[PDB]
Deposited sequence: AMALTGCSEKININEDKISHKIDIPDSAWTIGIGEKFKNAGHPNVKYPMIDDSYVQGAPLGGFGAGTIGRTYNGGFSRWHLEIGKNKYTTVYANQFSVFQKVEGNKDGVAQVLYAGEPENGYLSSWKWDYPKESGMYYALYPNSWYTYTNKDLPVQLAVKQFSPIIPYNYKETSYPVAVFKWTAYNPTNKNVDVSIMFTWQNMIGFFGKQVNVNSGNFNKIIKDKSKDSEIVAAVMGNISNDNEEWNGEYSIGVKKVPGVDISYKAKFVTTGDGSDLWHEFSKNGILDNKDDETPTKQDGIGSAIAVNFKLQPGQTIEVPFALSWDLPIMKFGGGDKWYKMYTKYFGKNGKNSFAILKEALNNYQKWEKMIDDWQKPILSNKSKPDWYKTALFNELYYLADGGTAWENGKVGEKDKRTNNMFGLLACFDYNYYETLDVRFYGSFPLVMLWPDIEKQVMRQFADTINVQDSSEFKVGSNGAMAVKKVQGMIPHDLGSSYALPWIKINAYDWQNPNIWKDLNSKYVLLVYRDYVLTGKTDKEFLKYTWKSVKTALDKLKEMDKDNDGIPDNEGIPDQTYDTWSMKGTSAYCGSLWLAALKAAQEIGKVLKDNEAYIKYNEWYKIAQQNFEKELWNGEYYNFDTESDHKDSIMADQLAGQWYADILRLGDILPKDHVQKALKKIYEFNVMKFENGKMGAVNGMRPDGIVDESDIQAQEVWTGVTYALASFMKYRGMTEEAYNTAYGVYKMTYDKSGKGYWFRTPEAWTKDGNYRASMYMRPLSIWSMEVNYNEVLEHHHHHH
């Protein structure tokens, strides 16, 4: 490996060998079918709301999130980078696809597949990833840096459906070597969203943009139809000319054939035919190829940028609504703009790299923090792009000031903006994209007084319940299979209109968003104030026994939606206390004296009774009425955790909080698989895991990262990082379960998982407050 010295990969990048087999991988531990796409994954490409493409560590473009809200795992074999090298003096050169695998059938059989093991590495520090190719049959060493311009406090480039592939080639040998790099791409119009004739009308064109000190050559892969539909648009691949490289292309090769139409050209001398051909296809799949060829002398390095764009302007959801994607603000809505997007990236990628470095530098340069923590902190952010992210720029046929946004809980539970989860998972948005965060919270504010009296069947018990009750915050803002933002509460396993955490979490999120953006946005507090008061007032009515605290009803009426709580719970009780204190403070800011007095009065009574009912001398009991009410819950003081972040002070005595956190570390962490796997949710005071429900026996990744942040703020530094380390280890390490770029909600002691690709572990960013 002589190429690593020519590029700048951070030491905290996650690494794996190209073609590496992983032996230890976990699988779903539930009864019904659940997504398991394997450990062959990578950092995604694509902006927020753009649709994303997962290119794996083996080199394949395999995890397709271009249909917004859906996860489709299948390698499109035509989509590759390939290399040709010939040493000066030799008769023949060698050509190789940079993919550690091969197609299942006979398509593209002429290409040289099966990139060999121990010949290259993949590296990732989101939004960047890299591949190095250090192969004993490739005298010139190559590396690529690939990324999309995901930039905090930037809502423009962050939206773009584009990726840059910045190649570096170096000759360490004593002979001249001819080198070509080729990007191939299938015309994927019709890959989704087209019910019949999936390739029909697809056609490819070549664009040559020549103007003083820029030459770009690109393929635009589109359809002859000018229809405005989810399926129609364009893909583009291309390259910018640099001194010492020549560009060649092939506009049309058949992907549903042996591929020798292209490969016979590339494999001979690394130079393509430059054959333009706009003939549309009928049944056959088609693709394009863009290549560069250059000669490297001994000791010479060259850099060359390629790019990929996709202009698929319309997202359709299963309920029938069609929306424009956010990036259409910047490039237009007609779906004929892929070249414009590509060109912007090829002309500005160096600026974007510097913008990414500028935001990553404060953390990366802090030598007090271990590299493993940096690996997790950056790579967990993959989910902001990969979580079915929807970001609208108008309904098709519709103009508004704001652009609605939604992130899925996950793909197995296909619900946008699950509020009980976003309480944990929205930290990166408030910290790094706060205009999105506040928009999402205004979306929730707008739903508070929505009433939908139609009934639905509750999954857990078969009973009928009202869809949406006035004054109750919704569980979610809909499903990609139905109508995001329009039909809320798509979730039906429990009835969220009786949940005891949603209304409090909503208030806490509101105040959080004010505090973490500088305590200046009075207008945001003004917008949300009626909903906050309504939310707390409704929750107060659920106090059955007049102790000033809502009563859990002996069912799973909160985020642990199979783990029953009864009476006063530490979890919902502490959240309530903190929400009351937040509402007091909002009341002061907005000069709503009567609200300040009321919520102050409620807070004092509830605080007194919470402490009396639950404090046992060592920790706070799980609740007051359940069978295992004396279980030690990892999340028992979630309200105090948020109170620390919101600078609301002590809602419970400092000494008792410290005792409880030490107990959690001692039991839920250290007595669960030697503290190497996070914090198990429920442990009995005898040090055996609570078996009353599956959720008690799970580590929740987002709960554990949040608990680490709580420990850290409370000065328990070693405990904090040791607790978080188990989550990092399970997710990224060779000794873990292979969950990189698909961090799940939960795992059990065997390491097997529930619900990969989950929002909650974005809570790691609470460790940076």
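Which residue ranges of the deposited sequence are not present in the modelled coordinates? Unmodelled stretches, in sequence order: 1 to 15, 414 to 415, 787 to 799.
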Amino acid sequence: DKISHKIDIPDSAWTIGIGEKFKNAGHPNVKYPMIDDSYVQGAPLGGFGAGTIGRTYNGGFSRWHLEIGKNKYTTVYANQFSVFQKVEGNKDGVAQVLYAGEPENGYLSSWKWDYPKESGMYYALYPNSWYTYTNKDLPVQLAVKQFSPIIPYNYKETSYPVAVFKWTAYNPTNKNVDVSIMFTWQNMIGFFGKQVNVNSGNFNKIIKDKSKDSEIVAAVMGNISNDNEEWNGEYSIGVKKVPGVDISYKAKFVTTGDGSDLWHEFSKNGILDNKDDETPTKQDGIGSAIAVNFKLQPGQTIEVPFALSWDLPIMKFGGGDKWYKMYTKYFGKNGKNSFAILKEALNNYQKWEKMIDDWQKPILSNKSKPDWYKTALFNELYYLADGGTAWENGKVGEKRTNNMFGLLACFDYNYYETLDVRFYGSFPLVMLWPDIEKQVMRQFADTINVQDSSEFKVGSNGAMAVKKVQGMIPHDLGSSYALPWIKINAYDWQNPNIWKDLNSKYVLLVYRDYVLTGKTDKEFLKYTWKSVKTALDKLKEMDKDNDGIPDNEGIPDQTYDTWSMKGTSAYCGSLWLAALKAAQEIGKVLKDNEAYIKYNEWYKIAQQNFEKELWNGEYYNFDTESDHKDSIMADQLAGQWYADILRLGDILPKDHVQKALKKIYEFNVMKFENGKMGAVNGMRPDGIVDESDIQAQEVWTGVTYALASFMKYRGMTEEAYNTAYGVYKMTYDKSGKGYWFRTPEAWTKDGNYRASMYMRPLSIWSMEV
From here on, numbers count along this sequence of modelled residues.
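Where do the C-alpha atoms have the higher mean temperature factor in this entry, in 517 to 525 or in 74 to 82? According to the PDB entry, the answer is 517 to 525.
On average, which has the higher Cα B-factor in the deposited entry, 96 to 104 or 223 to 231? On average, C-alpha B-factors are higher across 223 to 231.
In the PDB entry, which of 668, 426, 360, 616 has its C-alpha at the highest B-factor? Max CA B-factor in the entry, restricted to 668, 426, 360, 616: 616.
Top residue by Cα temperature factor, when 240, 505, 467, 422 are compared in the entry: Going by the entry's C-alpha B-factors, 467 comes out highest.
For residue 330, return the chain-relative third of its C-alpha B-factor as stated in the PDB record: lowest, middle or highest. Within its chain, residue 330 is a middle-third residue by C-alpha B-factor, going by the deposited values.
Lowest, middle or highest third: which one holds residue 24 when the chain's residues are ordered by CA B-factor from the entry? For residue 24, whose C-alpha B-factor we compare with every modelled residue in the chain, the answer is the highest third.
Residue 299 - which third its CA temperature factor falls in, relative to the rest of the chain: According to the entry, residue 299 has a C-alpha B-factor in the chain's highest third.
Going by the recorded CA B-factors, say which third of the chain residue 728 sits in, lowest, middle or highest. Its C-alpha B-factor, which the entry lists for residue 728, ranks in the lowest third among residues of this chain.
Thinking about Cα B factors across the chain, which third does residue 737 belong to? It falls in the middle third of the chain.
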